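Below is one structure, written out as structure tokens, with a few remarks after it.
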2 protein chains.
Amino acid sequence: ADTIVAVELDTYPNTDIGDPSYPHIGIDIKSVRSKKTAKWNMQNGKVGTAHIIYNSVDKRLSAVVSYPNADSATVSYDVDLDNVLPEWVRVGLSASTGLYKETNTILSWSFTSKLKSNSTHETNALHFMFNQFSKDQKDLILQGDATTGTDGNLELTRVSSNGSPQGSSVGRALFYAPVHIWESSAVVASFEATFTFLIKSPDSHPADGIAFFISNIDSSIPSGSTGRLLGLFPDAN
Amino acid sequence: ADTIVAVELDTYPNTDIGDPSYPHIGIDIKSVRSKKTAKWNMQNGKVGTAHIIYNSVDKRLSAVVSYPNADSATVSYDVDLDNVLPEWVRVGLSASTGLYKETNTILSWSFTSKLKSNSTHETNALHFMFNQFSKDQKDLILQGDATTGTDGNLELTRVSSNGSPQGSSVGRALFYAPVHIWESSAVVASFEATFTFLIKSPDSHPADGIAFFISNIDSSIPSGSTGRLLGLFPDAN
Ligand SMILES: [Ca+2]
Ligand SMILES: [Ca+2]
Ligand SMILES: [Zn+2]
Ligand SMILES: [Zn+2]
């Protein structure tokens with residue numbers, strides 16, 4: 001398989017393979033069996049605010065989710081990013097669904113790497129601010145059945161049936177450029193993300209969530225993920 | 001031919017094809033026949049400080065170069081980036097020489113676009129700070145005969161024969177990711193650069209200059225450019 005670490009904002013409680021009995025936020029080191037979990041409200045179509053950092057002076061890998069007028073879920077996990085994730089990566093988004101429908105609209109996304117040339121000697125960035133996912137955005141290598149455009153939206157489903165987004169839809173949003181990580185020059189590359197989603201209520205028990213992965217520079221949709229495999233896992237372990 | 005706009009930090013006076021009598025800074029719209037030139041010092045092996053902006057609030061493609069203990073050579077040309085430079089681009093550096101030698105050591109490089117979702121609404125970036133050109137940098141699709149690494153350097157020559165870098169060699173340094181420009185979402189993307197270089201005196205009348213282009217998303221070394229074509233124009237017109 002391909003080595004990949006994601007932040008599952010899972011919206012079906014996958015009762016048989018490791019997730020809790022509630023729709024949560026998790027974090028995944030190569031395994032859909034997660035490393036932390038945290039309770040999530042699951043509001044209807046409301047916007048977004050999720051935020052993921054990792055320094056290596058404090059080596060916790062963090063994430064929060066708060067709708068505006070809602071609380072935050074600090075689902076931070078301590079893991080050693082030294083030996084778990086390859087030197088040059090390809091960041092981006094992954095959502096899926098299967099037999100249940102939900103909206104996986106992303107409207108904005110950002111990033112900032114800062115990797116330790118000689119720690120003070122002017123580290124390297126890849127910062128962006130994608131508030132405007134257009135029709136013909138071409139630094140995205142969006143796999144699967146992802147769409148974009150028509151508005152400022154990134155639609156990681158098969159959409160526009162009145163926003164009832166055609167279940168067993170999987171879509172990935174691999175960003176174009178690579179970033180140095182593994183450790184080697186050490187690994188304080190304090191990568192940030194802003195993950196402003198929209199999960200509309202389709203009045204249909206909405207369930208499978210969007211992830212935010214960091215993968216190897218090569219990828220595909222692994223062995224089918226039309227459902228609980230969450231777009232990036234080949235296997236349910 | 002490839003639609004291209006360069007900014008020349010020329011060291012060779014090309015009287016025949018149209019450069020003035022001294023080593024100059026200039027600016028190019030689809031031709032080596034520049035629009036404006038200015039006085040540039042051309043010292044020996046010293047370092048670096050160049051700077052290129054374009055604010056469409058002011059439509060000046062301004063450019064200065066300073067050695068420390070030197071002046072600032074403004075070569076700003078009125079150009080409307082509306083109709084001259086493609087809807088998605090591929091930025092990068094370009095150095096070349098032919099029949100004369102020069103060292104074209106680049107030691108750091110940067111960028112910052114800021115492009116107008118809805119003018120205030122959180123312009124998109126692509127900021128990087130390459131102070132750490134590695135041996136195996138892979139967000140560069142460096143063309144020609146450019147090299148990198150072994151130290152923090154981006155050697156746009158064939159070099160290391162005591163760094164007297166083996167005349168008639170060309171190498172460009174195309175960055176990986178594109179930028180939306182042409183106008184379409186209007187063109188206030190104030191793209192900045194910082195271009196810390198080092199032109200060693202080879203004891204051989206140092207000549208052919210380094211550039212800074214914003215080309216099409218495809219390019220090459222055009223039709224052979226071992227010399228006056230400055231790495232990027234197919235023809236001298
Ligand atoms: Ca699920
Ligand atoms: Ca020339
Ligand atoms: Zn889960
Ligand atoms: Zn010139």
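Chain identifiers are assigned as A, B, and so on, following the order in which chains appear in the structure tokens; residues are numbered from 1 within each chain, and ligands are numbered from 1 in order of appearance.
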(message) Quick check: residues of chain B within 10 Å of chain A, only C-alpha atoms, returned as a VMD selection string.
(response) chain B and resid 88 108 to 118 121 to 134 137 to 140 152 175 to 180
(request) Around ligand 1, at most 6 Å away and counting only C-alpha atoms and all ligand atoms, which residues are there? Put them as a list in words, please. (result) residues 10, 11, 12, 13, 14, 208 and 228 of chain A
Dump C-alpha atoms for the selected residues as a CSV table (one decimal), in the first residue's frame?
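Final output, saved to selection.csv:
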chain,number,residue,atom,x,y,z
A,10,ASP,CA,-15.8,10.4,10.0
A,11,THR,CA,-19.6,10.7,9.9
A,12,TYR,CA,-20.6,7.0,10.0
A,13,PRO,CA,-19.7,5.2,13.2
A,14,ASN,CA,-18.0,2.2,11.6
A,208,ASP,CA,-19.1,9.0,5.8
A,228,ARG,CA,-16.2,3.0,4.9
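Here atom CA of residue B:105 stands at a distance of 22.2 Å from atom CA of residue B:219.
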(request) Please write out the residues within 12 Å of ligand 3 as a count of residues only, counting only C-alpha atoms and all ligand atoms. (result) 48
(request) Would you kindly return, as a list in words, each protein, DNA or RNA residue with an atom no farther than 9 Å from any atom of residue B:167, considering only C-alpha atoms and excluding same-chain residues fewer than 2 positions away? (result) residues 96, 97, 98, 99, 100, 101, 102, 157, 158, 164, 165, 169, 170, 226 and 227 of chain B
(message) Under the rule that only C-alpha atoms are counted, which of A:154, A:174, A:142, A:47 is the nearest residue to residue A:198?
(response) A:47
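Backbone DSSP over stretch 84-114 of chain B gives strand (DSSP E) for residues 89, 90, 91, 92, 93, 94, 95, 96, 105, 106, 110 and 111 of chain B.
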(request) Compare B:232, B:107, B:187, B:50 by their minimum atom-to-atom distance to residue B:84, counting only C-alpha atoms, and give me the closest one. (result) B:187
